[PDB]
Novice: 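Once you've had a glance at the structure underneath, I'll fire off some questions.
Side chains included, hydrogens not; waters and symmetry mates left out as well; all remaining heavy atoms used. Order of the sequence lines sets the chain letters (A, B, ...), proteins ahead of strands, with each chain counted from 1.
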Amino acid sequence: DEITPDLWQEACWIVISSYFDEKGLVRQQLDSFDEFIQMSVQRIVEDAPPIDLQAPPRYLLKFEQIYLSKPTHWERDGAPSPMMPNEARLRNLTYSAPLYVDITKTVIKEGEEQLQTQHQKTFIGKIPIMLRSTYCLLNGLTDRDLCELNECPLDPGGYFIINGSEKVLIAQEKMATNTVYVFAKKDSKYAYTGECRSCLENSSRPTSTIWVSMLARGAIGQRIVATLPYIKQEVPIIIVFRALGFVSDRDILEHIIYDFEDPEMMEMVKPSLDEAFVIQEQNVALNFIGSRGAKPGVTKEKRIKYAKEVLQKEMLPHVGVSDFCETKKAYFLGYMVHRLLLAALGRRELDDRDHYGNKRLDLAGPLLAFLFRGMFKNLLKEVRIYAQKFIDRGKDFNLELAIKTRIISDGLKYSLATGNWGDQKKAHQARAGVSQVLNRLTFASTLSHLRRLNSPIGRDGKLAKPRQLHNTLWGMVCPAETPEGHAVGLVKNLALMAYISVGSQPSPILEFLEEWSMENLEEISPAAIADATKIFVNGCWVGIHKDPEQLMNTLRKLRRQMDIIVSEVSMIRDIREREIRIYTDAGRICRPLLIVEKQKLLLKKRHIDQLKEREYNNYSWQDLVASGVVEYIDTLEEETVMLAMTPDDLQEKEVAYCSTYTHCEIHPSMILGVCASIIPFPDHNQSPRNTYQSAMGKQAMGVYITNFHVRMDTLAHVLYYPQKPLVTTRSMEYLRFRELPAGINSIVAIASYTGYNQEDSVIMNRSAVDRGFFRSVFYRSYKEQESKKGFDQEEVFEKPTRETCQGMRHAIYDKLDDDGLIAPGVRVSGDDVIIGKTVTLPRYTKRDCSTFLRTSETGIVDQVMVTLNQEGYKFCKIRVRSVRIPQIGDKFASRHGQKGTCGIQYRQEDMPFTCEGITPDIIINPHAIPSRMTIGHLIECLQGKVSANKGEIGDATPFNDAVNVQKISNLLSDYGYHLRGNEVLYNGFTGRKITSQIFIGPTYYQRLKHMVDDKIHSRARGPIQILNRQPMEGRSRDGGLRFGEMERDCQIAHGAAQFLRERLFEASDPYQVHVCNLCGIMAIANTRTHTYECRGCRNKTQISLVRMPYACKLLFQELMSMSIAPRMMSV
Amino acid sequence: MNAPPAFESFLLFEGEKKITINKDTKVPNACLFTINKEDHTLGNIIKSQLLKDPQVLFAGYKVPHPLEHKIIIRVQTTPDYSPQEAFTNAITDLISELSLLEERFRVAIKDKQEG
Amino acid sequence: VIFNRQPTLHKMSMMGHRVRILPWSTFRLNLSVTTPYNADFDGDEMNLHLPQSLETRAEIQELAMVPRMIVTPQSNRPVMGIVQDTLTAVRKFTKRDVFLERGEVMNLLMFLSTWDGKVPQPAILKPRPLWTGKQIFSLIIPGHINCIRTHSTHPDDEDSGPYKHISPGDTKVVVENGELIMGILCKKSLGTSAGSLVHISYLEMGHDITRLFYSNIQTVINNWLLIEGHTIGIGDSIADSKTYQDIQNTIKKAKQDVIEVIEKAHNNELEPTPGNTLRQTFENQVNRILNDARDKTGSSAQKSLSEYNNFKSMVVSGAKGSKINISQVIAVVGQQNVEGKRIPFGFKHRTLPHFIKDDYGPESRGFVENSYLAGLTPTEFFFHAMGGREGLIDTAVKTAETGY
Amino acid sequence: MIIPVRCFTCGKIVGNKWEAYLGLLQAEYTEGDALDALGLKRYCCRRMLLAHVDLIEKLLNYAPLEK
Amino acid sequence: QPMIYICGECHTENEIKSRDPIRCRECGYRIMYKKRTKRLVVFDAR
Amino acid sequence: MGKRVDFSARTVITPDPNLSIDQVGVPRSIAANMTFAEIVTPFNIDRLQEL
Amino acid sequence: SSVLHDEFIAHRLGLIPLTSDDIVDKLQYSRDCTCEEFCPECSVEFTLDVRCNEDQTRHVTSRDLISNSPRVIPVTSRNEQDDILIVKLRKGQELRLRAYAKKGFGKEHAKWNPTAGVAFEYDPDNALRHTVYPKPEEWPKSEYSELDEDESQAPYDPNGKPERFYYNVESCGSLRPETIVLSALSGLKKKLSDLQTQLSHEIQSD
RNA sequence: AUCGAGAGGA
Ligand SMILES: [Mg+2]
Ligand SMILES: [Zn+2]
Ligand SMILES: [Zn+2]
Ligand SMILES: [Zn+2]
Ligand SMILES: [Zn+2]
């Protein structure tokens, strides 16, 4: 029955495999989008108010149902056809499906003359579709079906195709809503502040933040204030309580202080009462609120109405926005004050801003919902204006012409295309970085980009606290994978078994709590709240309970049985403070864990047995979760959980550590993400090395996707001979690194050989490189289109001619065909022409606008595709193919942060060799190891020697006590090798033995995208910028290198004044001006007629020539634009 | 972009001499032999054969740059001898050694295939 | 040309070079001139500027050329020195038991540019002629400079007792009349510190002679290292069973000591020291115990090393690494700190959900009692990732403020 | 994508061994014994056969451009 | 002169002249590919 | 204070133990792109005509 | 029409070994041939023309490389070891090419390297101490060692020199191993002879 | 071509 330790390493990984058979790696994206389409769009459409318009006749126009068909495309003839994602990629279409809404317009004029007209399936917009979602044409297709459609079966999906560009929505971090968080700002007028970003269940407005603060000590005592929304002045809490109908001080403290035996709380609230005694009735308090507001009505009536509306709608919407909710709002605001007092009295800890239990991940669904709310509101507005301008004339109108569908369509398309998350007009208030271009450089880069999280703290911020690896990231975020540049700690990555909750309605839970012995908050007396336990659901205090323990037992039983409580519902019992917080909302990152009985796992051997035959008896992960054996625990419920790292922790020990565990890790290696799960032996490296590899696995070459032959990507690198690593971890089985690997096993020798590998460099074998070692192919796609925008000027693909075309370069166009397009198989060098495009003029009647190769490439045309774009003019894509043979300067890396460029390449006779004539493919310098402490590199090399000599794949899973260095060495000594991986090598040049026995063996190396040929650049009098006549910027522009301020300072320190003048004047922008010797302002010179005159001074004899930079002339002219007179006085 | 053709390691450029002899002025009876389009394969054997001559006081070689395709062999001999004569005799001795080794390897192969 | 690397921090980040046209498509640099640029070959790119007049060319040739840039005015010492392979190899080369044969010596003399063509009389004539590495470095050393240094492993109690001028360990570098009379050369003798051989060469001999000195050390030593070889592998990370037992006993004793301090604090048997609160005093005691454990285990690992250990070779020469790195690879990685304190209670009174609440023990708060060869446990792995994230954040955040 | 022709290290031909290697593996050989049957004794050639991923078999799941 | 293209879906060799919408005559598919040139490109097997 | 300049080049750096400290190894393509305006004299008339 | 681009196929064809035993000495380098681009005196013509019409995958192997010269053929195609795989083809895919094979050696490209490993060793017992084992007991014995198992390495020989070099020359297939050794000795001897000829011209010109 | 944004390199 029990899984014994000897079977555990199989059982756990069997369980893990079942998880990845059920979910995958992009499950969060697909589930978010599916919830958005199934629920969020319908909720948004129904939550909009019916637009009642009347001059008389009236019309309501109620939207009642939505229909999202499959993705289709409409040609110029208008025939709807099912559009495949690959066709969208090739034709630069948007993989979107039409959204139709049912509309009901009832005519009501008078005399009960009512009649309803329903417009079924009114086309309301087009919604882009996430690939492999339920509403994707690739849904449920087999691998054969996907290959029939020219799709990769290993492609995870989880992205959109907007204008042929694959866009991926990055999950955005945000502070959780409807939760009270008591912080303390050191530099502020308030000692403690308790904030609550409140938002109603079905979002319709932004988060309304309410603060309840305490004024810092230094009138008599510490005063509690409340910064309500839409009010620009602090308001005493007692005033707010009275404005809600609680005038008696006893009632207010009944709502705030639940234990009247506690004078400390009492004296700390007393200043607030003493400050609010002149105001003692609800109307006066409402008048005070309205007066403190930023729109103080001259008459107290409208002041009181405004205060009523604010306190009913903007104050704590999550508690309830309807009327008669003042009791719930009073109880909740009293809870906020109670929490603030507990913090000020030291009875509760301040809340941690960085705790991921306090955060939420805004995924594709809830982000598209924000867009859709804004866009549907704008659409209903436009419909209101259109219908109003017609009914004002007293006649009917056609809603089909009122609905301008471009709002929703173009809005979603623009937002996903650019990443600016918001309305196109508010292009600066909008937050960019959402919806990035999917990284297709290697399969690991694609997976990681699809599992990418973002902390929008702002890269400019230099506070390290949000960048720090918090304790609560354990199991939810990769500890290693993070960019090492300016976004350290802000851009994160999901751990492998991390699941972001999609969201759920609290209705069944609330109903069960009602049927259960919970007492509502309006029905109780406050005297009961002392000993009772509060119950919050999605931040709303809904009631109280008397035995929280057996309530938690009941709820956990219900969730483990897949009863009314779904698996993703978090249920935290804080014991010391008697809250029970239940969460069903979306964005809660959680992970699966094995539940533990008294001191035993519930995962018995029968579950492993049924999981082994997963493909026959359809016993899956969901059956494991439904059995009550596995549980999803979120960051906030982990605080109440006692984990076992392994079932070995559940053994009874000579001194028991815990003996009351509640859960167990499925495997600790699941704390790593996609790119860190490729590192072998990451627990033997320094952690920065693991981070650098997690970044560098994403630039590694491989086969980024199986269907690369049909993709017209702008840039693509494919390795000739990708190999799976000889030394692998058990997590790559689910990353599909074995099916799409990104490196080669290289016989690497760590040695000092000729000095060409010093300081992070490598010596490669020229003979190996000749045999296809780390050879790659680079595919570059050029796009072009001939626009017939108007009869004024039209472009067209056609072989240009020297007699008709004007802007025709001296490059030869013979490689083009009569259609103007080069043919595949044609070898093209730099500056060559691949598309001959000519544009009609207003060298006559047509000008050359041909597409050249990006300079200095020298490839062969791989293929040419011709089609029609969305509007329907001819559209061409040409993929050119360039074989990249590794060379000096190309960057290579192992899986341990050990990067370096090729210093030199030696032939096989020049490389050092073992007694059996094995030469290293790569030689790396021993000095790269000691400071870096990448012992995982050495253990991987030794394990790889054992694996190659044994005919197996080494197990480098991080935390594995069945694999240590002594075992690997003992294994290697059985194959006739030195147990530590050393060998006697001979000098290739002289054949003499090397005195020091070299450490050599197979290690998995990666070829990175950074090849020297894509970086080398030179300039000598090339093109210049228009504004300031200085060299351009970039290799692509043939630009010059920037001689910056620091270079100026260095050369000033050198004392090299002529070199400094050459760099900053003569090699950048030499220029001449003519200055009036009297006024010092630039004069008018006419060198052809030799007439120089200053219009200002009315002189034409006292002019002087001045040699100045063009940028300085431009500066002085831009100062004269500002009415400044910079007078260059030559005397 | 900058890859030299692989034959440039073996083939002489037009007007480029296979070997150049330059008198070393630091010490007497020393010469520098700059041999183009050769590498350690001939340099090592020529040096080691020259070291077998008791009339050779110095015999060394270097590949000044691996990316370049020449070697320099410095030979100093006793005053009654010459570095050019030493170099010639070293090549003659290497040729005779290789001829003998080839004939003996042919004989050994014949014995092995026959019995 | 002026050769530059960004960020251009000081005047040595832009130096004058003479162009040498070579086949492939990278900028090829000498390895001594990498420290001034702060340049390594992990994909770094550098900028070449070509002066376009005889006046600017003369300016760069007389002011900014690299040999004129050997000594920096910032700290009146060399800015470039001997570096990784050449430094490990010159340390191995100038050991007392390095004996070169006639053919090896001629091979090395082929790579001396400043050689008068005279083979020196070997240090050993019989039974077989053998030159020493010091005897060839004496040929590399220019002019008639005089220098006294001490190898990094020089015992401090040797200059007092006998054998001061005849060192048993071949420490106490002594160069006289441009001959390495004795001593093992290392970072202290050929690095960028003040009073080293490269500095004294630049001060006594010109910048040209010092340029040749750098080049000759590099060429001769690299071509000898082709014979000697240098490596590193698992065998250098391993220690004997006695050392492992000593380290584990040290760690066990340290954890029991921390348990005793915890028990004292729990029983109110701990009184605070002046200038600190009780929490801070407990933290000081625990951190002192664990730092003592780390240092003792590191000393155990260091003494366990053989003379053939390649970690010890690179640390001794000063080429790369430190004794703390050896301790972390062999003995114990040690305490992980976030903001100068142990791992914070990021959960509620816990560092991770795997620990009990209010657990101030060493493993709970981020003491990695394993080495990198042993491998970190999952909690040690996460805490080490936290500590390393602190360094990454520091490196990425200090740059803007320091540049401003 | 396809089995290399030569071993990158030594230059031994491995191109003619992939199909035989697979046939030995379905014959219930261990990977080590299979590599021994094909005569791959240096761990470089064993690396070549043992770490190869036959991606061409997946690229042949797509219909060609011309019928 | 003919500029025969191949269909991305039906793989049909069909001729299309300039100023003609890009449509396969056999199945109407909108994506077409050019055929391999007849020019003589040489590879050094290296 | 800082600006783009002509007669500049940039590429990856690489070790070369066989250069002196004051030498820089330059590709032939960078050197073929970059030029130095040398004045003609009877001292260099023949060499510059050759070039 | 195969899934491997043209340079992939070309590179792959270059690495197929061709029987070179008696023909390599007769053929000339195209540098030395007085013909045009090609001729039968400096080159060998190969043709390959395969089309997958059937439903199973067609293995285009080295057996499909048809030569004009019967003496120079792919080694695997010589009259066991299977044929080298050039490319796998799917129904409707087709590969038709025309190759020319030339004379060269491994300095120019590893495809002209005839060896599949050259094991070279000397002093199997570390008597010259050209290696220095920190722990000589830990190292396995060479196959050419003559030491009793208690003895880890031979006693140091101060008067010793490297003699008795052991070789294991493995052939890729193009040449026989003994032909590789004989051709190596002849090539080294002709390198030295040419060097001596040029030396004599330099000495007499001075 | 410009501008902006994003992703990256040292
Ligand atoms: Mg660098
Ligand atoms: Zn004037
Ligand atoms: Zn091999
Ligand atoms: Zn068609
Ligand atoms: Zn010919």
Novice: Between protein and nucleotides 4-10 of chain H, map the contacts as a letter string: B base, S sugar-phosphate only, - none, heavy atoms under 4.0 Å, written 5' to 3'.
Specialist: -SSSSBS
Novice: Strictly below 4.0 Å, heavy-atom distances to any atom of RNA chain H: list the hits from residues 1026-1039 of chain A, or just say none.
Specialist: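 Those residues whose heavy atoms fall under 4.0 Å from RNA chain H, taken from residues 1026-1039 of chain A in numerical order, are A/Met1032, A/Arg1037.
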Novice: Report the residue from A/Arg895, A/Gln898, A/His896 that forms a side chain to side chain donor-acceptor pair (under 3.5 Å) with A/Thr934.
Specialist: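 Going through A/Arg895, A/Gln898, A/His896 one by one, the side chain to side chain donor-acceptor pair (under 3.5 Å) with A/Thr934 is satisfied by A/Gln898 alone.
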Novice: Hey, what's the ring geometry for A/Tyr779 with A/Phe708, parallel, tilted or perpendicular (30° and 60° as the breaks)?
Specialist: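 Geometry flag for A/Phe708 against A/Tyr779: tilted rings.
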Novice: Counting the benzene-type ring for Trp, do A/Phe774 and A/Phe892 have ring centres under 6.0 Å apart?
Specialist: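 Centroid distance A/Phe774-A/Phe892: below 6.0 Å, so yes.
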Novice: With a 4.0 Å cut-off on N to O distance, would you call A/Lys899 and C/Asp42 a salt bridge?
Specialist: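 Yes.
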Novice: For residues 394-404 of chain C, tabulate all N or O donor-acceptor pairs below 3.5 Å that involve a side-chain atom, not counting sequence neighbours.
Specialist:
| unit_1 | atom_1 | unit_2 | atom_2 | d |
| --- | --- | --- | --- | --- |
| C/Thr395 | OG1 | C/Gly391 | O | 3.1 |
| C/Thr399 | OG1 | C/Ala396 | O | 3.3 |
| C/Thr402 | OG1 | C/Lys398 | O | 2.8 |

Novice: Taking only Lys NZ, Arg NE, NH1 and NH2, and the carboxylate oxygens of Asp or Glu, determine whether A/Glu166 and A/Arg711 approach each other closer than 4.0 Å.
Specialist: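 Looking at A/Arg711 together with A/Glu166, the answer is yes, because their closest N to O distance falls below 4.0 Å.
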Novice: So do C/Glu45 and F/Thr11 actually touch side chain to side chain, heavy atoms under 4.5 Å?
Specialist: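 With C-beta onward as the side chain, the pair stays apart.
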